[PDB]
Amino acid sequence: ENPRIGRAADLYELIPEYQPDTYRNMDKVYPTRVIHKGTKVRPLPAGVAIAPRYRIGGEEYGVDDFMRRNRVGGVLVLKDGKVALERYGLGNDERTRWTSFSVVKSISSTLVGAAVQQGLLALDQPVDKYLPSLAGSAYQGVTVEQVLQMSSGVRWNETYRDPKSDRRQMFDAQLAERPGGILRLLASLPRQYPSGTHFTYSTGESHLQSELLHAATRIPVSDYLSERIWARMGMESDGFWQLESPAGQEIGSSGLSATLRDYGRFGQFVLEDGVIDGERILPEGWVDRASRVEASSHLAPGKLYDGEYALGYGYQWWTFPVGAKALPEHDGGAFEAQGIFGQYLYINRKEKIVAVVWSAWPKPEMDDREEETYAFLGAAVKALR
């Protein structure tokens, strides 16, 4: 059959028949830059054999059930750096490169960490020091760490279904492909809270990470990701990264594509504290900082979204609750990247576990499928004890 690839403008409203083919062919739809691999590839050898089962409603389900019910296109579970489980669906295979959506927020964050290690960014510096086009804007004075914590205080209307929202204006900037358009949008925004006091999920603010990384390194973010990680630990396959315009700027908040085992290798890099062959790519304590759960902080689990989301926020990572509030099997400081339509990159340092889930849910957010994904993941964590 011919590939069913949607219009560029319809990415967030494709019919189910068009999602898998578009999600794995984003380079046919948007401008992109190649994230090059190297010549050495980090091995992912076979590991513990598991057949995880979980209970929901009153019924028991295995892996094929999970994948059928949630329209899952890929599942990878790494234990101790070794493949415990690897499945493909929806026509995907080991060579498929699938798009990240907001999962790439956590990759950008980790690269900011690499830039901190090199001295090229500092958490404490104001964003306008690196990005002079923000001079005079509400972002002037906001720090890099405040951007990482979605706590700039700049007013941001994220609702996609409001034609007037900032997220829709940013998506139209992308579709227009005029370089610097998102930055100009961000520079127009008024301030609403004191900086550092208020969580507002902003896809534009997350994009600012990509802008900062380019400004600090003076090379394309895709090449920095390659030199710091993709070619250094050794991913198996090139990736690629959606840009704002041709040969332009990577979208910091969305649009990275990679093989399933390469998403897993990135997770394994984070699980291993950023160390590749004895050299520290990430600052000492970076992963602890980026996934920190502090009871008094306004980012703590339970405290976001009027109190009815369970997960907190770190440096562009969602943080699982700890202690009495923990979700079953996800205690000990688990954290994750997520993207709409059911993309997950789950890291459990206590258990040395990395999980990657690729999905094509009909709708961008579905609470029952998120909760099912966590039940399935917790059953895998339980079976790997």
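Sequential numbering from 1, following the sequence displayed.
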Check your understanding: Which has higher Cα B-factors on average according to the PDB entry: 55-63 or 28-36?
Key -> 55-63
Point to revise | Stretch exceeding the other in mean C-alpha B-factor - 342-350, 325-333 | key: 325-333
Check your understanding: Taking the values straight from the PDB record, which of 109, 192, 268, 102 has the highest C-alpha temperature factor?
Key -> 192
Practice item. Name the one of 208, 135, 173, 75 with the greatest CA B-factor according to the PDB entry. Key: 135
Point to revise | residue 204 by Cα B-factor - lowest, middle or highest third of the modelled chain | key: middle
Check your understanding: Based on the entry's values, in what third of the chain does the Cα temperature factor of residue 294 lie: lowest, middle or highest?
Key -> highest
Check your understanding: If you rank every modelled residue in this chain by C-alpha B factor, which third holds residue 80: lowest, middle or highest?
Key -> middle
Check your understanding: Taking the C-alpha B-factors as the PDB entry records them, is residue 16 in the lowest, middle or highest third of its chain?
Key -> lowest
Study note, to complete from the structure: Of the three thirds of the chain ranked by Cα temperature factor, residue 214 occupies the lowest
